[PDB]
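Written below as structure tokens is the structure these notes are about.
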Amino acid sequence: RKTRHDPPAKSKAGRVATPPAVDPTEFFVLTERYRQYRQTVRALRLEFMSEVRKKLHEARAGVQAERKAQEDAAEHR
Amino acid sequence: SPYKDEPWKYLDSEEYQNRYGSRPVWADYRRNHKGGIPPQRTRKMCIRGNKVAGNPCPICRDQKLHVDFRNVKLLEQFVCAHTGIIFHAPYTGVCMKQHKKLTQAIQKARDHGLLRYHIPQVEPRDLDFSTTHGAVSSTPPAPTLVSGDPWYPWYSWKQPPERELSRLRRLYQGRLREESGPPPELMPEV
Amino acid sequence: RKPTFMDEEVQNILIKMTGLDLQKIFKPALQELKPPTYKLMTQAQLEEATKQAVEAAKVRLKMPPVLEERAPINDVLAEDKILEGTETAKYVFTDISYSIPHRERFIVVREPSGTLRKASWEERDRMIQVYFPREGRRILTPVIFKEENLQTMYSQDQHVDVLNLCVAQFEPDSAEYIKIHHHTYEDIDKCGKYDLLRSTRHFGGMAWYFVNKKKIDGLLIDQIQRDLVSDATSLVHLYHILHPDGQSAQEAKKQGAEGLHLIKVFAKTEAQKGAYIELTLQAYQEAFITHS
Amino acid sequence: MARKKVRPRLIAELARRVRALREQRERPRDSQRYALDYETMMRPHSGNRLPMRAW
Amino acid sequence: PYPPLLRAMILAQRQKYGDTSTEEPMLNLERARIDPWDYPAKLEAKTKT
Amino acid sequence: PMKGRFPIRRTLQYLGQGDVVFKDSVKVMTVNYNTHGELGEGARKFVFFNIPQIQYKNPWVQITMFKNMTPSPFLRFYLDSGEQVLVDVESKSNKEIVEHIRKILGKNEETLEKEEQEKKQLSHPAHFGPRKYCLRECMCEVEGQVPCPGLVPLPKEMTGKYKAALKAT
Amino acid sequence: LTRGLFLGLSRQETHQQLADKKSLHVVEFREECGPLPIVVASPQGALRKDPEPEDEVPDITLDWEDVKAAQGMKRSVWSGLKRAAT
Amino acid sequence: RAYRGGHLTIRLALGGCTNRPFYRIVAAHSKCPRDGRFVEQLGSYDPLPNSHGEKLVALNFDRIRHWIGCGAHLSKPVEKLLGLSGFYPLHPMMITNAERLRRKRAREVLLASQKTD
RNA sequence: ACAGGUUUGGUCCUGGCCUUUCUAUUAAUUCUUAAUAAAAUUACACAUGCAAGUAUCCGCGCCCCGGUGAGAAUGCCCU
RNA sequence: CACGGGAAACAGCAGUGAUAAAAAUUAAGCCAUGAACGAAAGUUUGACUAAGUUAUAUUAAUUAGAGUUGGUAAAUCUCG
Ligand SMILES: [Mg+2]
Ligand SMILES: [Mg+2]
Ligand SMILES: [Mg+2]
Ligand SMILES: [Mg+2]
Ligand SMILES: [Mg+2]
Ligand SMILES: [Mg+2]
Ligand SMILES: [Mg+2]
Ligand SMILES: [Mg+2]
Ligand SMILES: [Mg+2]
Ligand SMILES: [Mg+2]
Ligand SMILES: [Mg+2]
Ligand SMILES: [Mg+2]
Ligand SMILES: [Mg+2]
Ligand SMILES: [Mg+2]
Ligand SMILES: [Mg+2]
Ligand SMILES: [Mg+2]
Ligand SMILES: [Mg+2]
Ligand SMILES: [Mg+2]
Ligand SMILES: [Mg+2]
Ligand SMILES: [Zn+2]
Ligand SMILES: [Zn+2]
Numbered sequence: 027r028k029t030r031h032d033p034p035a036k037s038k039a040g041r042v043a044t045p046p047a048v049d050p051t052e053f054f055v056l057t058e059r060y061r062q063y064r065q066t067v068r069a070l071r072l073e074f075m076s077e078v079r080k081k082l083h084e085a086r087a088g089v090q091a092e093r094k095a096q097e098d099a100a101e102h103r
Numbered sequence: 049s050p051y052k053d054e055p056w057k058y059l060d061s062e063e064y065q066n067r068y069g070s071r072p073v074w075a076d077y078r079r080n081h082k083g084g085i086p087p088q089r090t091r092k093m094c095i096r097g098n099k100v101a102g103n104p105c106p107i108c109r110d111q112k113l114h115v116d117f118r119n120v121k122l123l124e125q126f127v128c129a130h131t132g133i134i135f136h137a138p139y140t141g142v143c144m145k146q147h148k149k150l151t152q153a154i155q156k157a158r159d160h161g162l163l164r165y166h167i168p169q170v171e172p173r174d175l176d177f178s179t180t181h182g183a184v185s186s187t188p189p190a191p192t193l194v195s196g197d198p199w200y201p202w203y204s205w206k207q208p209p210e211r212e213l214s215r216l217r218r219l220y221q222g223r224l225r226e227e228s229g230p231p232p233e234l235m236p237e238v
Numbered sequence: 088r089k090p091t092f093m094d095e096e097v098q099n100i101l102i103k104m105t106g107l108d109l110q111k112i113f114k115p116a117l118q119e120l121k122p123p124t125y126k127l128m129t130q131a132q133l134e135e136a137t138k139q140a141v142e143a144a145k146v147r148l149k150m151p152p153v154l155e156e157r158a159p160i161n162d163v164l165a166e167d168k169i170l171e172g173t174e175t176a177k178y179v180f181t182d183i184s185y186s187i188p189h190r191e192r193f194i195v196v197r198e199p200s201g202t203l204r205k206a207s208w209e210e211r212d213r214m215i216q217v218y219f220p221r222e223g224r225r226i227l228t229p230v231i232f233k234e235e236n237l238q239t240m241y242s243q244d245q246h247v248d249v250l251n252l253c254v255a256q257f258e259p260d261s262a263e264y265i266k267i268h269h270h271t272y273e274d275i276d277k278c279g280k281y282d283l284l285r286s287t288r289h290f291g292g293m294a295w296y297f298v299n300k301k302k303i304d305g306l307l308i309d310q311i312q313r314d315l316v317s318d319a320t321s322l323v324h325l326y327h328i329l330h331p332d333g334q335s336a337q338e339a340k341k342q343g344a345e346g347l348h349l350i351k352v353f354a355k356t357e358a359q360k361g362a363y364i365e366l367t368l369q370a371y372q373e374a375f376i377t378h379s
Numbered sequence: 001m002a003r004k005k006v007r008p009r010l011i012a013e014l015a016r017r018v019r020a021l022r023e024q025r026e027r028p029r030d031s032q033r034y035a036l037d038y039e040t041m042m043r044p045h046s047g048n049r050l051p052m053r054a055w
Numbered sequence: 165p166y167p168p169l170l171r172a173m174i175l176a177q178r179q180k181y182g183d184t185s186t187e188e189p190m191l192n193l194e195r196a197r198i199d200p201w202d203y204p205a206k207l208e209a210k211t212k213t
Numbered sequence: 002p003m004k005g006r007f008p009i010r011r012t013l014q015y016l017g018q019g020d021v022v023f024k025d026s027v028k029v030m031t032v033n034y035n036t037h038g039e040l041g042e043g044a045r046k047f048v049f050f051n052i053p054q055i056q057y058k059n060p061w062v063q064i065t066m067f068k069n070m071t072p073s074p075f076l077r078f079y080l081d082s083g084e085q086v087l088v089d090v091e092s093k094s095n096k097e098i099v100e101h102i103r104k105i106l107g108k109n110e111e112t113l114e115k116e117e118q119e120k121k122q123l124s125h126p127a128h129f130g131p132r133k134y135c136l137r138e139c140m141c142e143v144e145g146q147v148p149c150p151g152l153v154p155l156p157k158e159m160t161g162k163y164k165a166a167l168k169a170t
Numbered sequence: 345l346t347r348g349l350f351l352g353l354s355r356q357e358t359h360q361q362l363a364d365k366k367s368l369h370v371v372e373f374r375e376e377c378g379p380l381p382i383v384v385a386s387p388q389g390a391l392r393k394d395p396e397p398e399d400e401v402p403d404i405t406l407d408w409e410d411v412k413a414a415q416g417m418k419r420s421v422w423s424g425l426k427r428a429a430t
Numbered sequence: 010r011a012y013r014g015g016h017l018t019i020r021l022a023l024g025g026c027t028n029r030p031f032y033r034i035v036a037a038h039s040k041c042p043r044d045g046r047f048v049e050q051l052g053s054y055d056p057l058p059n060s061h062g063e064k065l066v067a068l069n070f071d072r073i074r075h076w077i078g079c080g081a082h083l084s085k086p087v088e089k090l091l092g093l094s095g096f097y098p099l100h101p102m103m104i105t106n107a108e109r110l111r112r113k114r115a116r117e118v119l120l121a122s123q124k125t126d
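So the sequence lines, in the order shown, correspond to chains X, P, W, S, U, V, F and G. Quick note, in the authors' numbering, the first sequence goes up one by one and the last residue is 103. Quick note, in the authors' numbering, the second sequence goes up one by one and the last residue is 238. Quick note, in the authors' numbering, the third sequence goes up one by one and the last residue is 379. Quick note, in the authors' numbering, the fourth sequence goes up one by one and the last residue is 55. Quick note, in the authors' numbering, the fifth sequence goes up one by one and the last residue is 213. Quick note, in the authors' numbering, the sixth sequence goes up one by one and the last residue is 170. Quick note, in the authors' numbering, the seventh sequence goes up one by one and the last residue is 430. Quick note, in the authors' numbering, the eighth sequence goes up one by one and the last residue is 126.
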């Protein structure tokens with residue numbers, strides 16, 4: 027690509043981006059569908075964060091982990 | 049080749065027995081090369097059209113040897129009886145074209161039970177066979193599934209309010225387009 | 088309380104029924120071969136090595152479980168009418184994880200019509216092989232399992248190879264597995280070729296199929312002609328176990344027969360070639376006592 | 001990483017101080033920074049044109 | 165409602181442990197509330213707690 | 002090899018056949034032994050034979066041998082917690098030393114099996130990539146799928162040049 | 345080369361003579377036949393019930409050539425070539 | 010390599026053969042190349058139909074949900090595939106494309122009917 | 001290395017060189033079509049074109065991709 | 001190193017001089033991936049894709065030329 031120190035092209039120095047055609051009746055329902063989809067994926071993201079929290083807690087200080095931490099100490103002595 | 053249909057007839061014939069006998073077709077064949085160690089790659093193809101390139105190959109100097117999956121006696125000579133592996137081209141002496149054809153024919157005859165090969169004892173895939181799990185059994189249907197409703201209420205196309213359409217059209221003036229109502233449910237064909 | 092193939096009362100009979108043949112179990116196959124190892128032992132060490140070989144032959148003779156036909160999978164999880172023709176082909180999705188058994192994987196297929204259904208058995212088994220390949224299995228259907236090549240291999244008395252290949256390829260509760268195993272079991276009693284499975288790991292399955300199908304005429308005469316009577320009394324005991332309500336089973340209880348007489352009641356009551364069975368038993372009786 | 005023959009580079013750290021001083025002393029005031037040419041919609045400071053939806 | 169495959173995942177998950185309850189599993193939206201794009205954001209430094 | 006009293010002990014097979022794996026708390030093994038007397042034949046044979054097998058499977062454990070300072074042969078295991086494990090070896094044999102060490106501080110068979118069962122999980126059968134880490138390179142070579150274009154040429158309907166040519170007209 | 349080859353081929357030890365000289369059974373363990381105790385020669389005569397001293401560490405005369413061959417360090421291109429048949 | 014920033018993204022790496030694409034569903038850094046270093050491989054995606062005629066896609070749902078809970082961003086085609094699998098809700102871009110296709114079929118049949126008379 | 005040629009009137013031993021095998025570049029001769037992979041002289045200097053845009057302004061990215069092997073014995077693996 | 005000093009930078013895609021035994025198009029697009037932006041429809045990307053050129057290499061064939069003939073090492077008749 028391009029770097030910070032290279033000048034822009036002459037044909038694009040005098041160019042600005044043009045927005046495409048807009049359909050209102052499609053755009054409104056499209057945006058409400060975007061919001062309805064994003065809230066669902068946000069809830070699923072929260073669910074996965076919670077399950078990761080449960081798994082990491084059960085891996086660090088779990089009921090099974092404490093059993094091993096005690097039986098190893100007993101067998102050592 | 050007079051047979052053209054039954055390759056093993058030549059192997060059972062007498063002109064094979066008096067010429068080769070109980071020995072393989074490649075027993076008397078000796079390959080000529082540049083030193084004491086032959087090249088790892090043999091001749092690619094020795095029969096170009098009608099011309100024969102010098103000393104021909106054991107199965108390939110005689111046109112009555114047809115490489116095929118039916119004649120197991122011919123294919124057995126190129127497969128070791130003890131180890132069960134296919135002899136390579138430097139081992140046998142055939143040109144590489146006939147070598148690939150030999151490998152393909154050996155595999156294709158093996159896949160038909162004519163040529164024997166090793167069958168190891170393989171344990172069953174599953175340690176415990178349980179069909180009661182929900183992976184293979186039916187699941188209780190959803191209330192939206194039993195009703196005929198899509199999974200989520202926003203899946204269907206709902207008509208936007210006229211006030212919101214006007215609000216959009218006011219802000220997006222100059223970029224407006226033709227409106228489109230609810231789409232048809234079923235797609236027609238051509 | 089129907090008897091099961093994995094029940095002890097059946098398995099203990101089947102092990103003695105198959106018997107132990109070291110020269111057949113530990114046979115030189117067609118694999119890559121290596122120079123042997125030599126060490127010198129005493130008589131006791133030789134006996135210890137032989138019994139270790141017997142214990143290994145037990146694992147070699149570990150029986151494959153024979154199961155009933157599984158129910159076809161027909162269920163729909165969701166239906167999206169919007170995807171009626173957006174895609175031409177169907178999307179198959181596999182759940183891959185090493186910590187889950189292959190019986191609990193979710194194999195879900197989105198049809199081009201827009202529905203989401205559970206993958207059927209033939210697609211599920213193919214996908215498990217695609218994403219978890221094991222040696223001896225083919226993703227596509229092999230040509231060897233056709234009825235022409237199967238007869239061709241049967242003519243070369245390779246039924247042991249047929250059974251091992253079928254066990255390796257197919258799942259014991261599938262449909263083609265049972266179909267091909269019943270085909271080999273019908274060929275074996277059509278031709279009287281029980282020798283191939285005399286001491287392999289597939290003898291119990293064939294015996295348990297015959298006790299289900301009530302086809303014992305050839306098996307009993309084969310076992311008698313092979314001078315095996317402990318392999319006939321146990322067989323008729325299996326018949327009585329799996330058919331408790333029968334004129335053959337109740338007559339044994341009412342009369343109190345010994346192991347030698349357990350065969351006569353079967354061959355008189357429910358046997359189809361009873362004349363041949365009686366003639367074979369008479370021929371064995373008139374010869375064994377006189378010669379020994 | 002950490003070697004025995006690591007050269008004590010001083011110009012690289014002097015340039016940090018020089019650019020830090022020049023960042024504050026020559027800080028562009030927001031007036032001329034956000035100044036706008038209303039004919040070409042061209043920012044005199046940064047050199048960017050305004051989006052056409054903001055015309 | 166949960167998506168189809170994910171919902172079937174829980175219906176198979178609790179069935180293995182033996183939960184005979186056929187209650188329909190829901191997905192919460194209490195903490196899924198989000199601000200629109202027109203909502204401006206703060207320009208102060210974030211304090212790490 | 003040929004040089005040495007016992008050439009066999011300098012082979013990878015001999016080093017691999019010795020199954021003595023220390024715990025994560027084991028740090029130092031200091032062996033002290035004598036070079037005279039019939040009592041220490043077992044300790045001398047242990048130093049001669051089993052030290053390489055232990056070292057091969059415990060590369061991070063520091064093992065140090067000492068000769069002719071204490072009249073009694075012994076071992077001293079310095080752990081991570083600071084506890085010093087003193088093992089007296091006066092008439093124990095070469096095999097007895099190894100069995101005692103494995104008994105007092107070592108890893109169980111189930112402990113080793115769980116570690117190796119976890120290790121085999123890293124290489125995943127369904128993954129794709131290089132032959133060093135994965136079993137398949139390109140997904141063409143799978144039997145049921147589309148073959149590789151470098152082996153079986155694709156039909157004209159799937160090539161990109163024909164699709165561009167039809168769109169051009 | 346010929347003299348040494350013939351001397352070595354003549355100085356071989358038959359399994360039967362090994363069994364005779366050590367009064368123990370000679371048992372062959374094929375890799376393909378699994379753990380099957382294949383017996384090749386029997387020690388005719390007095391069979392000793394005392395077993396041979398099991399050496400935990402064998403004192404054998406190894407060679408760096410075969411050690412390299414076994415450890416897979418033979419990276420020479422002259423070892424794994426394809427040659428003609430017998 | 011050292012990066013100034015970036016985010017973990019579960020995306021598709023085109024690792025394949027000419028006129029024969031093949032994607033690896035992998036979790037990799039945003040500033041790394043498409044076929045460059047990655048964190049952990051998840052699944053595979055096969056763009057062409059096979060002999061039986063199904064489009065074969067692999068998902069390692071457990072690791073995918075683990076990484077997404079850990080904070081892995083998602084790409085649009087990955088969202089489409091996950092929605093088609095049933096693990097995630099359908100992406101609205103697919104819905105609007107299906108509606109556009111419906112309108113294209115409607116105009117096609119209209120023009121076909123009008124061109125025949 | 002399964003080796004072979006080569007010292008001497010001649011033999012044995014020691015000992016070096018070369019040949020036999022595979023791969024990559026350039027040169028010569030010849031040459032028909034496709035598929036795939038790769039395009040490799042230069043950290044010597046560059047005419048010219050393109051390669052960083054997006055957006056209701058703010059802002060975000062702008063050797064990130066990609067290119068190269070000059071220097072560094074640099075470095076591999078590990079907290 | 002990069003405040004500063006030489007001094008006006010392709011060790012980006014193509015291409016040009018010198019040099020070297022060493023020789024790809026100064027061509028088309030974001031349809032599909034990855035990246036950037038925007039809430040978004042969506043835009044850009046000489047990355048990438050689809051291509052043009054090259055016996056550098058493997059495969060199929062529509063093609064037959066090169067090397068060698070004292071020993072190592074397969075193979076020579078007659079002329080100067
Ligand atoms: Mg900007
Ligand atoms: Mg490519
Ligand atoms: Mg001399
Ligand atoms: Mg050239
Ligand atoms: Mg680079
Ligand atoms: Mg230097
Ligand atoms: Mg610099
Ligand atoms: Mg430069
Ligand atoms: Mg640059
Ligand atoms: Mg260039
Ligand atoms: Mg030039
Ligand atoms: Mg070149
Ligand atoms: Mg040129
Ligand atoms: Mg040129
Ligand atoms: Mg272009
Ligand atoms: Mg793109
Ligand atoms: Mg786009
Ligand atoms: Mg070439
Ligand atoms: Mg002359
Ligand atoms: Zn030929
Ligand atoms: Zn491929």
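No residue lacks a Cβ here, since even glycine has one placed at the ideal position from N, Cα and C.
Output the boundary residues of the beta strand (DSSP E) element that contains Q118 of chain W.
Start at 1 with the first residue of the third sequence, and residue 118 of chain W comes out as number 31. In the DSSP assignment, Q118 of chain W falls outside any beta strand (DSSP E) and carries neither an H nor an E.
Could you check whether the Cβ of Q98 of chain W sits closer than 8 Å to any Cβ belonging to chain P?
In the third sequence, counting from the first residue as 1, residue 98 of chain W sits at position 11. Taking Cβ atoms only, chain P never reaches closer than 8 Å to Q98 of chain W, which makes this a no.
Are the C-beta atoms of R41 of chain X and some chain G residue less than 8 Å apart?
Residue mapping note: residue 41 of chain X aligns to position 15 of the first sequence, counting from 1. So, not an interface residue.
Please name the residues in the stretch 396-421 of chain F whose beta-carbon is closer than 8 Å to at least one beta-carbon of chain P, in chain order.
Contact annotation: in the stretch 396-421 of chain F, no residue has its CB less than 8 Å from a CB in chain P.
Where does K108 of chain V fall in DSSP's three states?
Numbered from its first residue, the sixth sequence carries residue 108 of chain V at position 107. In this structure, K108 of chain V counts as coil in the three-state DSSP scheme.
Contact with chain F by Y139 of chain P, beta-carbon distance below 8 Å
Within the second sequence, residue 139 of chain P is the residue found at index 91, counting from 1. Closer than 8 Å to some Cβ of chain F, the Cβ of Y139 of chain P qualifies, so yes.
What in chain W is Cβ-close to residue 113 of chain U, meaning under 7 Å?
What the structure shows of chain U is the stretch from 165 to 213, and residue 113 of chain U is not part of that stretch, so it cannot be assessed.
Selection of the stretch 100-114 of chain G by Cβ proximity to chain V, strictly under 8 Å:
Along the stretch 100-114 of chain G, none of the residues has a CB nearer than 8 Å to a CB of chain V.
Of the listed residues V:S26, V:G5 and V:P150, nearest to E84 of chain V (C-alpha basis)
Here residue 84 of chain V corresponds to residue number 83 of the sixth sequence, with the count starting at 1. It is V:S26 whose Cα lies nearest to the Cα of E84 of chain V.
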